[PDB]
Amino acid sequence: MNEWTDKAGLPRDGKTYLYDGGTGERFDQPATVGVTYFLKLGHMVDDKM
Amino acid sequence: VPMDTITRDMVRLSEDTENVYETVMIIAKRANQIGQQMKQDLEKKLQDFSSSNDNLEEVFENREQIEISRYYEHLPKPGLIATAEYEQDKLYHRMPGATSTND
Amino acid sequence: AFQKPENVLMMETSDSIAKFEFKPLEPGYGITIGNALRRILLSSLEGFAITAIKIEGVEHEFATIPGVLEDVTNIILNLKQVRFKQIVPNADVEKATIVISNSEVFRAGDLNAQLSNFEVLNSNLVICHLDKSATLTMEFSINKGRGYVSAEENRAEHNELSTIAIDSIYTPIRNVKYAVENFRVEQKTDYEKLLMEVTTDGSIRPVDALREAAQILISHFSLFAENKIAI
Amino acid sequence: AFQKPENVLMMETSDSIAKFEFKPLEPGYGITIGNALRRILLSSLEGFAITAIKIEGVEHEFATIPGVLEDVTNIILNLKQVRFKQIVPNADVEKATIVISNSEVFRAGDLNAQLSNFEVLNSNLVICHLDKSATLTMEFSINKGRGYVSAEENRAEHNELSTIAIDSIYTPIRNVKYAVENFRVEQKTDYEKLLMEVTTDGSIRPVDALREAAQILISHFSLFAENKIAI
Amino acid sequence: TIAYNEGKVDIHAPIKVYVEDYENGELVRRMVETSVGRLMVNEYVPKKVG
Amino acid sequence: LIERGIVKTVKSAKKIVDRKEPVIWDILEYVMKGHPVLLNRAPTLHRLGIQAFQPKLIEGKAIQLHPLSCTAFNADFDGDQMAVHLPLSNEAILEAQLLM
């Protein structure tokens with residue numbers, strides 16, 4: 001995992017810094033960012049009204 | 001005194017009024033009378049104002065009748081008035097049928 | 001005293017990507033400048049896109065045309081993505097008539113920008129794959145706007161039993177940068193580097209958009225500094 | 001259309017605190033305008049204050065002087081609260097001397113308005129308790145600056161190791177806060193309300209600080225927008 | 001609030017300050033050792049506990 | 001709308017309140033401001049499962065509720081479908097905003 005993350009040009013640790021739109025502040029602790037797989041379930045609220 | 005309606009938080013009514021629940025009811029009565037008097041006043045004077053014509057279109061011809069209507073519509077509901085009367089505590093409650101200090 | 005900068009430099013690697021640098025600055029002040037610019041740039045600019053479609057031989061968003069490899073849904077969905085450009089001012093709204101009638105693969109630039117008022121930037125996008133024999137007639141409406149609008153609001157324009165309204169993403173910007181770092185002389189401080197990047201669609205060079213954002217922001221502060229009406 | 005806020009309001013509770021209203025804002029503009037004005041008003045101001053003093057009859061920093069009820073530390077702290085002002089331009093740096101030798105509560109108004117270019121407003125501010133039995137003589141150094149300066153920093157200004165130097169709160173604005181609110185327009189919600197509160201030192205009406213700050217920021221975008229200006 | 005608002009002190013550092021608290025239930029004002037922060041919240045604890 | 005005078009018939013008022021065309025929600029904003037509403041849980045265990053509140057407009061089709069009150073409902077945010085009620089009588093509304 002670490003070898004691939006290295007060879008992709010990334011922080012070898014999964015962490016990074018981040019910024020806020022509105023204040024430009026650098027969130028003093030490093031936040032985690034990534035890519036994940038995501039599903040939508042069938043309880044759509046249009047039929048709960 | 002202006003109210004600018006909010007939600008009320010009370011212990012003062014335990015000072016002037018002996019019981020919470022009786023306090024609620026007497027506020028209810030005062031609110032009732034205040035509402036009745038305002039509703040009759042509004043209905044009489046407005047029907048006098050619009051006695052000339054009652055059609056759908058004709059009511060909006062000057063925008064000022066609507067303006068006064070929404071001004072009074074900008075006034076707090078009766079219960080707020082009665083509550084404010086008890087923080088000012090201008091009223092006194094006693095055995096059945098307590099009434100304002102209007103005399 | 002007020003350490004005023006004068007160094008505003010442009011470098012412009014391409015017609016669409018540009019850099020800018022601001023030099024020299026008083027501390028803690030460029031972050032303010034740049035973050036204000038980033039917000040306004042990336043929020044509130046103006047662009048164009050397509051809204052309405054009338055296909056011949058199809059009546060609703062779930063049909064299919066004989067001899068065309070995609071649904072009508074995917075035609076509309078990818079037509080959503082085609083970024084445009086003006087060549088003339090004052091072009092309000094436009095209607096187009098495409099008649100593809102040959103054994104082809106129907107692509108973006110294949111759209112004849114046949115109206116003199118307007119053009120297409122991205123020409124090399126694949127709308128659809130026809131067969132050897134499909135005949136297709138399409139009619140477009142392109143219009144200007146801001147931010148984002150969904151479909152059902154665009155139900156305003158008179159479907160006439162055929163017209164299909166589509167989503168429309170109007171924003172003309174794609175990416176923005178600012179960064180800051182100190183620069184110094186020995187023993188004497190308070191030099192600041194602001195380095196900024198603008199990446200657009202090509203519908204307008206970075207300079208015009210940057211100028212417009214600043215014009216709006218100054219237009220806001222103008223009233224809020226001088227006029228002082230009192231309660 | 002793009003909807004402008006007009007006629008900023010203020011409530012003006014007193015000469016040291018004030019409130020502000022901005023109506024109506026379009027979304028996201030709340031944080032922008034607010035944060036810009038905040039960092040500007042907290043960014044670029046000016047002032048004068050005490051730097052280093054020497055007290056007669058003092059062995060070193062924390063001896064105890066008889067005849068005065070208040071220790072050295074508390075005297076230092078009280079002088080930190082003395083607020084200055086100028087009547088003559090360019091009188092950047094000043095020195096003075098004070099002698100008191102009678103039974104009195106030493107106050108701020110008792111200070112010898114001897115050096116003509118300089119005044120004190122908060123006259124009734126109390127310093128210390130004094131009787132017949134003690135006498136005090138001391139030296140004042142008053143210097144111009146910006147911000148908040150720790151004890152180490154100002155030792156450059158004539159330290160000499162027997163004149164004890166002190167911090168200095170040069171900043172004329174003491175605290176400013178803000179808030180953002182939602183409110184309505186027909187068909188819609190989420191338009192912004194910006195609420196401001198300012199608390200100064202009394203040397204200047206807060207409306208003046210705000211007006212001047214916003215004028216700075218306008219003059220500062222003008223150049224980074226239009227160094228190479230067209231239209 | 002001034003020294004924090006100008007980054008000369010972070011949100012958090014042991015500082016000594018002159019504050020008022022009631023000894024049952026009065027009115028002692030001493031030099032406590034505390035931190036901006038605790039000051040910010042204790043701005044909101046009502047002036048009847050200390 | 002009646003006290004506006006612009007409308008004389010409840011049929012017209014229903015016609016205008018149903019299709020909800022570009023006319024005033026100002027009345028909803030006003031009335032919503034002094035006419036509290038009773039929020040109602042389904043499996044009420046002890047009274048702290050029924051309350052009143054001052055209602056507020058928001059965007060969309062979901063009920064926004066303050067984070068610190070739910071523990072009274074002893075609920076979770078999985079997606080439950082809380083009920084709401086409107087009193088209609090001023091004695092009731094007073095009991096609401098005085099004890100509820």
# chains A, B, ... in the order shown; residues from 1 in each chain; ligands from 1
>>> select_by_dssp(residues="segment 64-108 of chain C", states="strand (DSSP E or B)", output="list in words")
residues 68, 84, 85, 86, 93, 94, 95, 96, 97, 98, 99, 100, 105, 106 and 107 of chain C
>>> closest_atom_pairs(of="chain A", to="chain F", cutoff="9 Å", atoms="only C-alpha atoms", output="CSV")
residue,atom,partner,partner_atom,distance
A:45,CA,F:61,CA,8.0
A:46,CA,F:61,CA,8.0
A:48,CA,F:81,CA,7.6
A:49,CA,F:61,CA,7.6
>>> write_last_selection(atoms="N, CA and C atoms", output="mmCIF file, in the first residue's frame")
data_model
loop_
_atom_site.group_PDB
_atom_site.id
_atom_site.type_symbol
_atom_site.label_atom_id
_atom_site.label_comp_id
_atom_site.auth_asym_id
_atom_site.auth_seq_id
_atom_site.Cartn_x
_atom_site.Cartn_y
_atom_site.Cartn_z
ATOM 1 N N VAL A 45 -37.116 10.165 0.064
ATOM 2 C CA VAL A 45 -37.999 10.889 0.964
ATOM 3 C C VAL A 45 -39.197 11.484 0.241
ATOM 4 N N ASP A 46 -39.194 11.488 -1.090
ATOM 5 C CA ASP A 46 -40.321 12.058 -1.818
ATOM 6 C C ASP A 46 -41.628 11.345 -1.503
ATOM 7 N N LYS A 48 -42.309 10.166 1.675
ATOM 8 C CA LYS A 48 -42.536 10.280 3.110
ATOM 9 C C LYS A 48 -43.234 11.584 3.470
ATOM 10 N N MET A 49 -43.811 12.268 2.489
ATOM 11 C CA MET A 49 -44.487 13.540 2.681
ATOM 12 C C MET A 49 -45.991 13.323 2.719
#
>>> calpha_fit_rmsd(fixed="chain D", moving="chain C")
3.2 Å
>>> residues_around(residues="segment 96-103 of chain B", least_positions_apart="4", cutoff="10 Å", atoms="only C-alpha atoms", output="list in words")
residues 26, 29, 30, 85, 89, 90, 91 and 92 of chain B
>>> closest_atom_pairs(of="chain D", to="chain A", cutoff="12 Å", atoms="only C-alpha atoms", output="Markdown table")
| residue | atom | partner | partner_atom | distance |
| --- | --- | --- | --- | --- |
| D:28 | CA | A:22 | CA | 8.8 |
| D:29 | CA | A:22 | CA | 9.7 |
| D:30 | CA | A:22 | CA | 9.6 |
| D:31 | CA | A:22 | CA | 6.1 |
| D:32 | CA | A:22 | CA | 6.4 |
| D:33 | CA | A:22 | CA | 9.9 |
| D:34 | CA | A:22 | CA | 9.8 |
| D:35 | CA | A:23 | CA | 7.3 |
| D:36 | CA | A:23 | CA | 9.4 |
| D:38 | CA | A:23 | CA | 11.1 |
| D:39 | CA | A:23 | CA | 10.2 |
>>> select_by_dssp(residues="segment 6-229 of chain C", states="helix (DSSP H, G or I)", output="VMD selection string")
chain C and resid 30 to 43 72 to 79 152 to 156 206 to 225
>>> residues_around(residues="residue 46 of chain B", least_positions_apart="4", cutoff="9 Å", atoms="only C-alpha atoms", output="number ranges by chain")
B: 41-42, 50-51, 65; F: 3, 5
>>> write_last_selection(atoms="N, CA, C and O atoms", output="CSV table (one decimal), in the first residue's frame")
chain,number,residue,atom,x,y,z
B,41,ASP,N,-63.5,45.9,16.5
B,41,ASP,CA,-63.0,47.2,16.0
B,41,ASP,C,-62.6,47.2,14.5
B,41,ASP,O,-63.0,48.0,13.7
B,42,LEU,N,-61.7,46.2,14.2
B,42,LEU,CA,-61.2,46.0,12.9
B,42,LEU,C,-62.4,45.8,11.9
B,42,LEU,O,-62.5,46.4,10.9
B,50,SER,N,-64.6,50.1,3.4
B,50,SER,CA,-64.9,49.5,2.1
B,50,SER,C,-66.3,49.4,1.7
B,50,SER,O,-66.7,48.6,0.9
B,51,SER,N,-67.2,50.2,2.4
B,51,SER,CA,-68.6,50.1,2.2
B,51,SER,C,-69.0,50.5,0.7
B,51,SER,O,-70.0,50.1,0.2
B,65,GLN,N,-54.9,50.9,1.9
B,65,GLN,CA,-55.7,50.1,2.8
B,65,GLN,C,-55.0,48.8,3.1
B,65,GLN,O,-55.0,48.3,4.2
F,3,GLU,N,-58.9,39.4,5.5
F,3,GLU,CA,-58.7,40.8,6.1
F,3,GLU,C,-57.8,41.6,5.2
F,3,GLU,O,-57.9,42.9,5.4
F,5,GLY,N,-58.7,42.1,2.3
F,5,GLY,CA,-59.8,42.6,1.5
F,5,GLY,C,-59.7,42.2,0.1
F,5,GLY,O,-60.7,42.3,-0.7
>>> closest_residue(among="B:22, B:28, B:39, B:54", to="residue 72 of chain B", atoms="only C-alpha atoms")
B:39
>>> interface_residues(of="chain F", to="chain D", cutoff="8 Å", atoms="only C-alpha atoms", output="short mmCIF file (atom, residue, chain, number, x, y, z; two decimals) with N, CA, C and O atoms, in the first residue's frame")
data_model
loop_
_atom_site.label_atom_id
_atom_site.label_comp_id
_atom_site.auth_asym_id
_atom_site.auth_seq_id
_atom_site.Cartn_x
_atom_site.Cartn_y
_atom_site.Cartn_z
N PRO F 22 -46.98 33.42 -7.33
CA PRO F 22 -46.10 34.44 -6.74
C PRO F 22 -46.83 35.53 -5.98
O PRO F 22 -46.84 36.70 -6.37
N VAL F 23 -47.42 35.13 -4.86
CA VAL F 23 -48.01 36.06 -3.91
C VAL F 23 -47.41 35.76 -2.55
O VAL F 23 -46.45 35.00 -2.43
N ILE F 24 -47.98 36.38 -1.52
CA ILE F 24 -47.28 36.56 -0.26
C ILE F 24 -47.25 35.27 0.54
O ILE F 24 -48.28 34.65 0.80
N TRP F 25 -46.04 34.84 0.91
CA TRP F 25 -45.78 34.01 2.08
C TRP F 25 -45.57 34.82 3.34
O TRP F 25 -45.34 34.23 4.41
N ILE F 58 -37.63 26.67 6.40
CA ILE F 58 -36.35 26.25 5.84
C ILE F 58 -36.58 25.78 4.41
O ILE F 58 -37.69 25.85 3.87
N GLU F 59 -35.51 25.32 3.78
CA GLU F 59 -35.58 24.85 2.40
C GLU F 59 -35.79 23.35 2.36
O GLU F 59 -35.19 22.60 3.13
#
>>> atom_distance(atom1="atom CA of residue 6 of chain C", atom2="atom CA of residue 46 of chain D")
23.4 Å
